[PDB]
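Input: a single structure, listed below in C-alpha coordinates.
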Number of protein chains: 2
Amino acid sequence: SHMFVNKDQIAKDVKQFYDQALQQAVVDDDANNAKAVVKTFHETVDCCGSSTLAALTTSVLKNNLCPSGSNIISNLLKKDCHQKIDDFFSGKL
Amino acid sequence: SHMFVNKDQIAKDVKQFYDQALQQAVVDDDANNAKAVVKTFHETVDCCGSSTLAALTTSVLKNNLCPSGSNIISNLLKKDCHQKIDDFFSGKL
(Lines give C-alpha, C1' and ligand atoms only; values in the text may rest on other atoms or scores of the structure.)
Protein backbone atom coordinates (compact mmCIF):
# COMPACT_ATOMS: atom_id res chain seq x y z
CA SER A 1 0.00 0.00 0.00
CA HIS A 2 2.20 2.82 1.32
CA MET A 3 5.46 3.22 -0.53
CA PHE A 4 8.33 5.50 -1.52
CA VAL A 5 8.22 6.76 -5.14
CA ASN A 6 10.18 9.05 -7.44
CA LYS A 7 7.52 11.13 -9.23
CA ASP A 8 10.05 12.58 -11.65
CA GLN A 9 10.85 9.10 -12.94
CA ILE A 10 7.15 8.31 -13.26
CA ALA A 11 6.68 11.52 -15.26
CA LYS A 12 9.60 10.39 -17.47
CA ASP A 13 8.09 6.95 -17.99
CA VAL A 14 4.71 8.44 -18.90
CA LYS A 15 6.28 10.91 -21.33
CA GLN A 16 8.25 8.02 -22.88
CA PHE A 17 5.01 6.07 -23.40
CA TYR A 18 3.34 9.11 -24.88
CA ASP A 19 6.29 9.61 -27.23
CA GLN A 20 6.18 6.01 -28.39
CA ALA A 21 2.48 6.37 -29.17
CA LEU A 22 3.07 9.70 -30.86
CA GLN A 23 5.77 8.43 -33.17
CA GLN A 24 3.60 5.46 -34.19
CA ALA A 25 0.62 7.71 -34.89
CA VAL A 26 2.41 10.15 -37.21
CA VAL A 27 4.09 7.59 -39.35
CA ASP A 28 1.83 4.59 -39.68
CA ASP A 29 -1.67 4.91 -41.18
CA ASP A 30 -1.91 1.19 -40.38
CA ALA A 31 -1.38 1.98 -36.68
CA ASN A 32 -4.89 3.14 -35.95
CA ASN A 33 -4.88 2.22 -32.27
CA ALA A 34 -1.78 4.42 -31.86
CA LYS A 35 -3.65 7.27 -33.60
CA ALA A 36 -6.68 6.45 -31.45
CA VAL A 37 -4.61 6.47 -28.24
CA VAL A 38 -3.01 9.81 -29.13
CA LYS A 39 -6.18 11.57 -30.30
CA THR A 40 -8.20 10.53 -27.24
CA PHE A 41 -5.41 11.44 -24.82
CA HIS A 42 -5.04 14.81 -26.54
CA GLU A 43 -8.80 15.39 -26.49
CA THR A 44 -9.18 14.32 -22.89
CA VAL A 45 -6.30 16.28 -21.30
CA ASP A 46 -6.46 19.10 -23.87
CA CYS A 47 -2.82 19.02 -25.15
CA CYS A 48 -1.16 18.53 -28.51
CA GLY A 49 2.28 17.14 -29.14
CA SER A 50 5.57 16.93 -27.33
CA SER A 51 8.70 18.59 -26.09
CA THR A 52 11.09 15.85 -27.01
CA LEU A 53 9.32 15.49 -30.39
CA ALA A 54 8.39 19.01 -31.38
CA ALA A 55 9.16 18.66 -35.10
CA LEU A 56 6.77 15.72 -35.30
CA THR A 57 3.95 17.52 -33.57
CA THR A 58 3.36 19.23 -36.92
CA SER A 59 2.23 15.93 -38.39
CA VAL A 60 -0.31 14.91 -35.76
CA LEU A 61 -1.77 18.39 -35.96
CA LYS A 62 -2.37 18.04 -39.71
CA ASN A 63 -3.77 14.51 -39.45
CA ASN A 64 -6.34 15.99 -37.08
CA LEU A 65 -5.07 14.09 -34.02
CA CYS A 66 -5.21 17.13 -31.73
CA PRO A 67 -8.31 18.80 -30.19
CA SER A 68 -10.69 20.66 -32.52
CA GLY A 69 -9.68 24.30 -32.93
CA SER A 70 -6.16 23.25 -32.06
CA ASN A 71 -3.80 25.01 -34.47
CA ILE A 72 -0.20 26.21 -34.75
CA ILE A 73 -1.14 29.65 -33.47
CA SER A 74 -3.56 28.78 -30.64
CA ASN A 75 -1.05 26.12 -29.49
CA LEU A 76 1.57 28.77 -28.85
CA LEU A 77 -0.14 29.69 -25.59
CA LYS A 78 -1.06 26.16 -24.47
CA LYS A 79 1.00 23.66 -22.46
CA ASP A 80 2.03 20.68 -24.62
CA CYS A 81 1.57 17.10 -23.46
CA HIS A 82 4.97 16.86 -21.76
CA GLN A 83 4.41 20.10 -19.86
CA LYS A 84 1.01 18.87 -18.69
CA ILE A 85 2.36 15.48 -17.60
CA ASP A 86 5.23 17.13 -15.70
CA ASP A 87 2.93 19.64 -14.00
CA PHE A 88 0.65 16.85 -12.91
CA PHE A 89 3.38 14.80 -11.26
CA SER A 90 4.78 18.02 -9.85
CA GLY A 91 1.39 18.57 -8.26
CA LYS A 92 2.04 22.20 -9.12
CA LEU A 93 -1.74 22.60 -9.24
CA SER B 1 10.70 14.15 -6.56
CA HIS B 2 10.83 11.40 -3.92
CA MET B 3 7.64 11.01 -1.96
CA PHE B 4 5.43 8.75 0.14
CA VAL B 5 2.33 7.39 -1.68
CA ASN B 6 -0.59 5.07 -1.02
CA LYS B 7 -0.84 2.90 -4.15
CA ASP B 8 -4.16 1.43 -3.07
CA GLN B 9 -5.73 4.89 -3.09
CA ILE B 10 -4.23 5.60 -6.50
CA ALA B 11 -5.70 2.34 -7.79
CA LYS B 12 -9.07 3.45 -6.34
CA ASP B 13 -8.84 6.85 -8.01
CA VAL B 14 -7.98 5.30 -11.37
CA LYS B 15 -10.83 2.78 -11.10
CA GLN B 16 -13.18 5.66 -10.21
CA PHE B 17 -12.10 7.54 -13.34
CA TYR B 18 -12.53 4.44 -15.43
CA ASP B 19 -16.02 3.92 -13.98
CA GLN B 20 -17.03 7.49 -14.74
CA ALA B 21 -15.92 7.05 -18.34
CA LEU B 22 -17.63 3.69 -18.55
CA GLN B 23 -20.98 4.94 -17.34
CA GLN B 24 -20.86 7.85 -19.81
CA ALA B 25 -19.99 5.53 -22.70
CA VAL B 26 -22.85 3.06 -22.18
CA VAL B 27 -25.58 5.59 -21.82
CA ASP B 28 -24.82 8.54 -24.04
CA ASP B 29 -24.44 8.13 -27.82
CA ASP B 30 -23.67 11.86 -27.74
CA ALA B 31 -20.68 11.18 -25.47
CA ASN B 32 -18.33 9.99 -28.15
CA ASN B 33 -15.13 11.00 -26.38
CA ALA B 34 -16.24 8.86 -23.41
CA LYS B 35 -16.80 5.94 -25.82
CA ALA B 36 -13.47 6.77 -27.45
CA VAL B 37 -11.66 6.87 -24.09
CA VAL B 38 -13.17 3.53 -23.03
CA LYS B 39 -12.63 1.69 -26.32
CA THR B 40 -8.99 2.78 -26.64
CA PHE B 41 -8.21 1.98 -23.00
CA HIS B 42 -9.84 -1.43 -23.42
CA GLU B 43 -7.97 -2.07 -26.67
CA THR B 44 -4.65 -0.91 -25.29
CA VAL B 45 -4.63 -2.78 -21.94
CA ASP B 46 -6.75 -5.67 -23.25
CA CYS B 47 -9.63 -5.56 -20.69
CA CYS B 48 -13.39 -5.14 -20.89
CA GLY B 49 -15.63 -3.71 -18.21
CA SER B 50 -15.64 -3.40 -14.46
CA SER B 51 -16.05 -4.98 -11.08
CA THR B 52 -18.04 -2.24 -9.51
CA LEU B 53 -20.15 -1.99 -12.71
CA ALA B 54 -20.52 -5.55 -13.90
CA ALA B 55 -24.14 -5.29 -15.03
CA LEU B 56 -23.21 -2.39 -17.30
CA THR B 57 -20.31 -4.19 -18.88
CA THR B 58 -22.92 -5.99 -20.98
CA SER B 59 -23.72 -2.75 -22.76
CA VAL B 60 -20.20 -1.70 -23.74
CA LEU B 61 -19.61 -5.21 -25.02
CA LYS B 62 -22.60 -4.96 -27.38
CA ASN B 63 -21.75 -1.45 -28.57
CA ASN B 64 -18.41 -2.91 -29.63
CA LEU B 65 -16.38 -0.91 -27.08
CA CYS B 66 -14.27 -3.89 -26.02
CA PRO B 67 -11.39 -5.57 -27.94
CA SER B 68 -12.25 -7.52 -31.10
CA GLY B 69 -13.04 -11.15 -30.32
CA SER B 70 -13.99 -10.03 -26.85
CA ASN B 71 -17.22 -11.82 -25.91
CA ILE B 72 -19.19 -12.96 -22.85
CA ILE B 73 -17.56 -16.39 -22.96
CA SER B 74 -13.93 -15.48 -23.74
CA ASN B 75 -14.18 -12.75 -21.05
CA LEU B 76 -14.84 -15.34 -18.38
CA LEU B 77 -11.15 -16.20 -18.27
CA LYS B 78 -9.78 -12.66 -18.63
CA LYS B 79 -9.06 -10.07 -15.93
CA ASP B 80 -11.49 -7.14 -16.15
CA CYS B 81 -10.32 -3.53 -16.08
CA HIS B 82 -10.47 -3.19 -12.29
CA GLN B 83 -8.49 -6.39 -11.78
CA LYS B 84 -5.84 -5.18 -14.23
CA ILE B 85 -5.60 -1.75 -12.60
CA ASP B 86 -5.29 -3.30 -9.13
CA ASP B 87 -2.65 -5.80 -10.25
CA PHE B 88 -0.65 -3.02 -11.80
CA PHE B 89 -0.55 -0.89 -8.66
CA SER B 90 0.05 -4.04 -6.67
CA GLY B 91 3.09 -4.61 -8.85
CA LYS B 92 2.08 -8.25 -8.60
CA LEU B 93 3.81 -8.71 -11.96
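The chains referred to below are lettered A, B, ... by the order of the sequence lines, with proteins before strands, and numbering in each begins at 1.
A continuous path of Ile, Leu, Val, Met, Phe, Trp and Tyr side chains, each step under 4.5 Å between heavy atoms, connects A:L56 with A:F41, placing both in one hydrophobic cluster. Residue A:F17 is not grouped with residue B:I85 when hydrophobic side chains (ILVMFWY) are merged at heavy-atom distances under 4.5 angstrom, including chains of intermediate members. Under a hydrophobic clustering in which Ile, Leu, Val, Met, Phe, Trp and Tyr are joined whenever their side-chain heavy atoms come within less than 4.5 Å, directly or via other members, A:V37 and A:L22 fall into different clusters.
If you tally non-hydrogen atom pairs under 4.5 Å between each of B:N6, B:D8, B:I10 and chain A, the highest count goes to B:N6. When the candidates A:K7, A:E43, A:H2 are compared by the number of heavy-atom contacts under 4.5 Å with chain B, A:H2 comes out ahead.
B:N33 and A:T40 are not linked by any side-chain donor-acceptor pair at a separation below 3.5 angstrom, with hydrogens and angles left out of the test.
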(request) Quick one: do A:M3 and B:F4 satisfy side-chain contact (heavy atoms from CB on, under 4.5 Å)? Show the steps, please. (result) CA-CA 6 Å; A:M3 196 165 297; B:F4 195 54; 5.9 Å; no
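Annotation: B:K84, atom NZ; neighbour count of heavy atoms from other residues, nucleotides and ligands within 6.0 Å is above 12.
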